[PDB]
Amino acid sequence: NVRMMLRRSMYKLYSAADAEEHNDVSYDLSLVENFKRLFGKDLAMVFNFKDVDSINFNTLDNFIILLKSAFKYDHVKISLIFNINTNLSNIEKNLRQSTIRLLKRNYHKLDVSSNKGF
Amino acid sequence: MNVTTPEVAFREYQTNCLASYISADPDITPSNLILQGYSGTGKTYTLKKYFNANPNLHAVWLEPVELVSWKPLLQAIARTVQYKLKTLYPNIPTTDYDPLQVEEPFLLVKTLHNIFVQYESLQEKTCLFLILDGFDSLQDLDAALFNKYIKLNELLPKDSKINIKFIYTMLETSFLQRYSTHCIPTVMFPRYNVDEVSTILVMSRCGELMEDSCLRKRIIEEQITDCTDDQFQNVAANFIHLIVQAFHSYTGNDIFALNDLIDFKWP
Amino acid sequence: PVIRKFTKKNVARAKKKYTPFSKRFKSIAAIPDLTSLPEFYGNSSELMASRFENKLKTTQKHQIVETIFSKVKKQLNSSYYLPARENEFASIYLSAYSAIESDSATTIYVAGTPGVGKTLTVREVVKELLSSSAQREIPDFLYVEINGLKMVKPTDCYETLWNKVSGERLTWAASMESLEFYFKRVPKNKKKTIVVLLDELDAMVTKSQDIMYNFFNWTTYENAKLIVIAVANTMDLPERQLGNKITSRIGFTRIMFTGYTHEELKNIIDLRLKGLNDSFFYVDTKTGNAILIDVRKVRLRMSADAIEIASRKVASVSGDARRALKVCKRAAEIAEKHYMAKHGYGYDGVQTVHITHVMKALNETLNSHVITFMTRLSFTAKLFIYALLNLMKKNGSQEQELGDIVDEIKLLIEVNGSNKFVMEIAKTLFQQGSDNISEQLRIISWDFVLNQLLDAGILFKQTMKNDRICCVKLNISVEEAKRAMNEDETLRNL
Amino acid sequence: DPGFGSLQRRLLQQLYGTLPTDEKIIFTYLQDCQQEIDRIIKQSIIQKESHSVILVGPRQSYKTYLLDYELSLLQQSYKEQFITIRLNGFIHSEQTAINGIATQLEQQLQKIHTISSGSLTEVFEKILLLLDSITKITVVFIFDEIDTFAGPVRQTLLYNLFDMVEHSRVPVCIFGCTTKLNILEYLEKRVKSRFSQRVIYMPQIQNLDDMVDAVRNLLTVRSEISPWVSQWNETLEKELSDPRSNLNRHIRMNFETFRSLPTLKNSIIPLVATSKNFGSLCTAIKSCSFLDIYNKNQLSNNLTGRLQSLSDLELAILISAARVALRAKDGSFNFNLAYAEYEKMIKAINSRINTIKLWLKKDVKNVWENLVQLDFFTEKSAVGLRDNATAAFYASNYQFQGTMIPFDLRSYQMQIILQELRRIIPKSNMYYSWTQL
Ligand SMILES: Nc1ncnc2c1ncn2[C@@H]1O[C@H](COP(=O)(O)OP(=O)(O)OP(=O)(O)O)[C@@H](O)[C@H]1O
Ligand SMILES: Nc1ncnc2c1ncn2[C@@H]1O[C@H](COP(=O)(O)OP(=O)(O)OP(=O)(O)O)[C@@H](O)[C@H]1O
Ligand SMILES: Nc1ncnc2c1ncn2[C@@H]1O[C@H](COP(=O)(O)OP(=O)(O)OP(=O)(O)O)[C@@H](O)[C@H]1O
Ligand SMILES: [Mg+2]
Ligand SMILES: [Mg+2]
Ligand SMILES: [Mg+2]
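Residue numbers (PDB author numbering), protein chains in the order written: chain C, 138 to 159, 179 to 274; chain E, 1 to 267; chain A, 355 to 434, 448 to 660, 676 to 730, 769 to 914; chain D, 46 to 158, 171 to 190, 207 to 426, 446 to 529.
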């Protein structure tokens with residue numbers, strides 16, 4: 138589902154950025189936009205959808221629509237990667253183009269294998 | 001009560017409705033009201049556009065698009081309530097309770113009762129305004145819900161120097177229609193039409209992409225000194241005539257995806 | 355540095371102990387007597403019985419009004448002799464008396480409908496047994512009220528048991544175990560007889576009856592002595608929840624209380640009235656205060687034949703005394719307030773009540789408001805349910821969609837482009853008379869009345885998302901629907 | 046004048062019902078009940094009866110408002126005798142309610158002259186022994218939606234309240250507001266034993282003129298304030314006497330469409346709420362031409378204007394769905410099926426003969461979802477929105493075939509049938525020939 142993987146994200150983030158600087181906040185999207193006024197520092201995230209293919213694209217769509225709800229605080233950046241196994245045109249029309257428009261904006265592309273170029 | 005109207009282009013109906021509904025004195029405000037709409041209409045744009053029209057009225061803002069369930073709303077609410085209180089009454093003393101102490105609306109009610117019995121000593125009474133944008137758009141939503149949030153003026157004692165009010169925003173109308181038996185005020189926004197969305201875009205995105213770089217790029221990639229910003233807006237304008245004369249057929253009376261595809265294919 | 359993955363701070367942990375009594379003497383020889391003990395056998399609850407008396411006390415008094423009937427209402431209220452149910456008295460009191468003479472572990476089960484005097488008769492049996500404790504010739508023993516319904520978690524039986532036999536506080540998984548330790552492991556010569564009675568077990572043990580299993584497992588000793596009872600409504604429960612081997616091996620005694628006979632009913636309700644029956648009062652001239660043996679001296683009475691019919695109607699259905707008594711009180715109410723309405727006193769030589777108004781009180785209980793309501797609605801709901809019955813006439817389906825009924829509706833209308841009532845409600849329903857307004861596929865107020873009836877309970881809507889193919893059902897009847905239908909002058913003819 | 050503005054406010058709070066407890070208005074068409082229940086309450090306030098009772102009426106019918114009103118009347122001479130308890134079953138539970146009981150019981154006892174501490178069973182037995190076991210103070214509960222407490226098995230608190238009514242010495246007043254009619258049906262035996270079963274209903278409107286004099290009353294002034302008070306009264310009376318008034322016709326409308334007032338008040342408010350000067354008030358309530366704007370923009374965007382604003386592509390494909398669903402058994406349909414019949418329609422159109449362009453599968457990929465998101469289609473074995481929690485919970489556990497199978501072949505479903513649209517549309521269209529199977 139959506140909510141669980143969100144809780145995973147926030148648990149990772151807070152238990153990561155706490156001990157590096159030495179009270180509790182719940183696990184929600186408020187916390188990220190509330191990062192400034194607990195620890196003082198700004199933050200930059202990076203997202204790795206590990207096995208990008210074998211997952212509920214609906215839940216995915218829900219999630220990424222949730223995640224676009226935090227580009228209004230002028231103090232944060234993030235980035236996503238898809239670690240793909242098949243192909244873009246296989247799945248860039250499997251998911252709703254609502255998601256895909258902005259995903260036309262600023263992307264990057266690699267050929268990726270064990271045997272690169274002999 | 002003197003209310004400055006927002007002299008808007010396209011919603012002076014709902015402007016009339018809500019600037020009539022609401023003023024500083026709570027008595028001439030209803031107990032619970034909806035502002036349903038549809039996306040892109042700037043319902044959320046125009047609410048704050050009205051708060052621009054009226055500064056001395058204040059409201060809290062929540063966005064449960066990101067929240068998932070009921071308890072997280074409780075927690076965020078219990079935070080923002082007393083946050084807003086003490087931020088705007090600085091001189092007042094307090095015993096600031098934990099917002100995470102809430103785990104159930106009863107507990108929210110209890111701690112608000114405590115907020116009030118500590119805020120007992122005010123000079124005049126005050127009603128404030130709560131905002132839940134997309135309360136239909138929740139992600140584990142069930143149907144046992146909206147009646148409860150109606151019932152918050154229910155259990156509050158009547159001797160409250162500090163009261164509150166509720167605000168909503170929905171889409172479908174199906175689960176709205178499920179519940180209108182409670183004889184509720186409501187204000188609404190029809191999906192726009194082609195000259196309407198046209199003029200909304202020529203007034204909204206005009207300054208944006210008139211003041212994006214690629215103009216300033218191209219003018220001097222070409223190196224041509226015959227120019228004025230009238231014609232800049234003009235060529236942008238007829239370009240967008242072309243855009244919409246193409247893809248009105250594709251979409252109709254929306255803005256968001258048009259903005260996307262503009263950003264992509266503009267350059 | 356660490357973070358808890360989820361918080362519980364609104365917890366209210368209870369200060370109750372996990373060490374049973376089994377581990378505060380540490381030997382058979384190491385134990386004192388509970389009878390030679392101030393804290394055991396409950397010599398301290400009385401203070402918390404009286405600590406809270408004063409919390410709600412006042413002395414405000416301004417222009418007290420007091421009238422005729424109310425004293426008789428409270429003569430007639432359930433909060434107080449009875450010879451009607453006395454052979455069960457003469458049998459169970461015999462059994463319990465012989466039981467405490469035997470000092471054995473006897474067990475008994477009773478059931479009965481709500482309104483049988485079960486709790487009454489039993490509470491009075493044991494009050495007589497209290498006076499038998501006031502004989503000071505029988506071994507003293509102690510009562511235990513068990514209202515699991517006035518308990519939350521049905522293992523709290525053990526908890527409260529220990530916190531009332533000892534006043535000591537633990538969790539069930541210490542308390543019941545310390546209690547088995549208290550029961551079989553303990554000899555007789557200082558352990559006390561206790562009597563206990565369980566109330567309404569139908570909801571107490573809903574999961575698997577491991578609680579009550581534990582109970583009835585405690586009830587099978589020869590070194591421990593107890594007096595156990597329970598109450599229910601169904602009868603198969605001892606063999607239903609257990610099975611047959613357990614309920615059979617225990618070998619208890621079973622009974623249930625039934626509806627009383629109309630004569631006993633009248634006998635008793637008047638037995639709660641003979642202090643006031645046919646009495647005469649001195650009565651002031653302004654407030655009408657009825658004061659007893676500028677003032678009259680008049681008589682009071684009530685319809686005896688009305689007692690006959692009133693008991694007679696409800697003796698045949700259940701035998702619920704409470705129902706009889708409320709019927710009495712409400713008849714008195716309508717009499718009194720009509721009387722007051724005669725003179726119109728304000729707010730700051770015979771008086772008698774009738775069979776007419778006794779039955780007026782007794783009948784409206786059965787006279788349903790739904791019919792007058794559904795007749796007094798608007799036209800639309802009537803029209804629509806009539807269309808439903810039209811479909812039920814066309815197919816005999818017992819169920820209908822939304823699309824099919826709406827098709828029936830439009831047909832039922834456009835057929836009748838000739839009736840006048842439908843001629844005159846014609847244009848003012850889709851676009852409401854005027855121009856500037858485009859048509860709509862459905863009528864106004866159809867969603868309103870839909871939900872209205874859903875809230876009413878007559879209409880049943882399954883769970884789907886489509887507006888058209890959602891199946892729909894009516895809840896009541898078609899006959900009564902016609903008893904609303906033809907009552908409209910215009911509907912009977914179409 | 047701002048005397049008139051204050052008068053706006055005056056009549057507005059009179060429209061609400063937000064007045065002192067002498068001007069709060071009640072009408073003869075419910076005075077039988079009003080004079081019933083003021084008496085039903087003061088019998089336990091001051092005469093110390095322990096009456097049990099359950100109101101019945103549907104929503105928006107002024108039940109709780111009237112408990113509030115009678116007790117608010119009672120306050121002015123009785124600041125002491127009673128204690129108010131408001132509650133609700135959706136808001137509360139079988140569990141979180143009792144803590145609210147302790148809370149209020151503790152925190153209004155202070156207002157005149171511990172409880173809330175402990176566990177669930179502990180504070181339970183604390184309230185029990187306080188209530189179970207010179208003058209006593211009277212107690213009044215105001216349940217709301219006891220339906221929640223009308224569950225199948227336990228609902229023990231209700232039994233315990235009514236046993237408290239019978240057994241106790243305090244006046245235990247219990248009111249129940251709900252919306253269902255047959256409430257006694259829900260119960261098990263012990264409730265029907267302990268409860269009085271005396272249960273009250275509300276009146277309906279039995280004629281137009283009732284609503285007429287109600288309008289008159291609620292638009293009649295009972296105090297001299299402003300230079301247009303008598304003007305207001307006389308205008309009201311002379312317009313409302315006319316059966317030819319628009320507003321009488323809307324009175325008819327409520328009498329036949331809905332038969333219920335609070336929606337009407339909702340409609341009535343904006344009239345004054347916008348009202349700015351007096352000639353505008355006059356002409357506007359004369360013509361009621363702005364009721365037209367109101368009720369045109371009221372339910373404007375439900376079924377029709379939403380289909381009034383869409384592209385022709387949507388229409389073509391919807392037709393391609395309609396006629397083939399008609400051809401079908403269950404009316405089921407898919408993406409490429411509609412695409413096929415669509416192109417057939419265009420072939421027919423271009424065969425009978446400025447020109448026409450058809451829209452590639454990429455071009456349909458977008459707007460098919462603009463369609464599914466506007467409630468015209470659904471899925472075959474679909475189920476829309478669960479009612480309670482555990483269903484919403486299991487939903488996000490178990491996904492759908494439609495979630496796993498791709499976009500274009502999941503078995504859809506339809507909202508409108510062809511001939512509806514055939515009659516509905518403007519028949520002048522270039523496609524009107526194509527709206528018939
Ligand atoms: N009356 C108006 N005047 C000027 N601009 C408008 C008006 N209505 C809408 N817009 C433009 O359209 C945009 C829509 O923004 P917004 O997200 O608030 O729409 P929405 O319907 O509230 O969306 P959501 O469904 O997310 O609430 C606004 O940001 C604004 O630029
Ligand atoms: N023979 C009688 N004499 C006097 N009063 C009676 C008699 N029979 C019934 N009553 C009245 O009717 C009521 C019957 O109470 P009963 O003992 O049947 O309660 P109950 O059935 O245990 O209730 P529940 O089934 O809800 O536990 C009593 O309160 C009493 O006032
Ligand atoms: N404090 C108040 N001030 C003014 N008017 C009120 C107030 N409370 C209720 N009302 C009016 O009474 C009506 C609702 O009353 P009430 O709740 O008794 O109806 P209901 O049918 O009982 O609804 P529910 O069953 O949900 O309680 C509304 O039309 C409202 O305007
Ligand atoms: Mg918005
Ligand atoms: Mg009993
Ligand atoms: Mg109510």
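Note that CB positions come from ideal geometry on N, CA and C, so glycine has one too.
Cutoff 9 Å: residue i Cβ touching any chain D Cβ
i, result
"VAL139 (chain C)", "yes"
"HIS789 (chain A)", "yes"
"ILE184 (chain E)", "yes"
"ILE28 (chain E)", "yes"
"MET402 (chain A)", "yes"
"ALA657 (chain A)", "no"
"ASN212 (chain C)", "yes"
"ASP702 (chain A)", "yes"
"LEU849 (chain A)", "yes"
Own chain, CB closer than 7 Å to residue i, minus 5 neighbours either side, in chain order
i, result
"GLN429 (chain A)", "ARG639, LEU640, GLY642, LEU643"
"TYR149 (chain E)", "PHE166"
"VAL419 (chain A)", "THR654"
"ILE219 (chain D)", "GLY134, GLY249, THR251"
"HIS231 (chain C)", "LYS192, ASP198"
Proximity test, Cβ basis, 9 Å: residue i and chain E
i, result
"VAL268 (chain C)", "no"
Beta carbon proximity, residue i to chain A, threshold 9 Å
i, result
"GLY145 (chain D)", "no"
"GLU66 (chain E)", "no"
Integer Cβ distance of residue i from residue j, believed to fall under 8 Å
i, j, result
"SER266 (chain D)", "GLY482 (chain A)", "5 Å"
"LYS161 (chain E)", "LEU122 (chain E)", "4 Å"
"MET170 (chain E)", "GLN36 (chain E)", "5 Å"
"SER89 (chain D)", "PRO244 (chain D)", "4 Å"
"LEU811 (chain A)", "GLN820 (chain A)", "5 Å"
"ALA478 (chain A)", "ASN600 (chain A)", "5 Å"
Cutoff 8 Å; reference residue i; Cβ partners in own chain excluding five residues on either side
i, result
"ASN423 (chain D)", "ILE448"
"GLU124 (chain E)", "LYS161"
"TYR524 (chain D)", "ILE517, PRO518"
"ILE211 (chain C)", "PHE205"
is_contact[residue i, chain C] using C-beta, thresh 9 Å
i, result
"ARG358 (chain A)", "yes"
"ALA257 (chain E)", "yes"
Cut-off 6 Å between Cβ atoms - residues of its own chain near residue i, not counting five sequence neighbours on either side
i, result
"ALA688 (chain A)", "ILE775, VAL778"
May I ask you to verify whether the stretch 893-911 of chain A touches the stretch 509-526 of chain D, counting CB pairs closer than 8 Å and requiring at least 3?
no
Could you check whether the stretch 462-478 of chain D touches the stretch 877-891 of chain A, counting it as contact only if at least three pairs of C-beta atoms, one from each stretch, sit closer than 8 Å?
yes
Evaluate the contact criterion for the stretch 183-200 of chain E versus the stretch 59-68 of chain E: three or more CB pairs, one atom per stretch, below 8 Å.
no
Around ligand 4, which residues pass a check of Cβ closer than 6 Å to any of its heavy atoms?
E:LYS43, E:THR44
As a quick check of your reading: which residues have a C-beta less than 7 Å from at least one non-hydrogen atom of ligand 5, in chain order?
My final list is A:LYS485, A:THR486, A:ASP566, A:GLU567, A:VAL598.
Are at least three pairs of beta-carbons, each pair with one atom in the stretch 74-81 of chain E and one in the stretch 92-109 of chain E, less than 8 Å apart?
Judged by Cβ distances under 8 Å, the stretch 74-81 of chain E makes contact with the stretch 92-109 of chain E, as three or more pairs qualify.
Just jot down, in chain order, the residues whose CB lies closer than 5 Å to any heavy atom of ligand 6.
The answer, residue by residue, is D:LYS108, D:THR109, D:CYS250.
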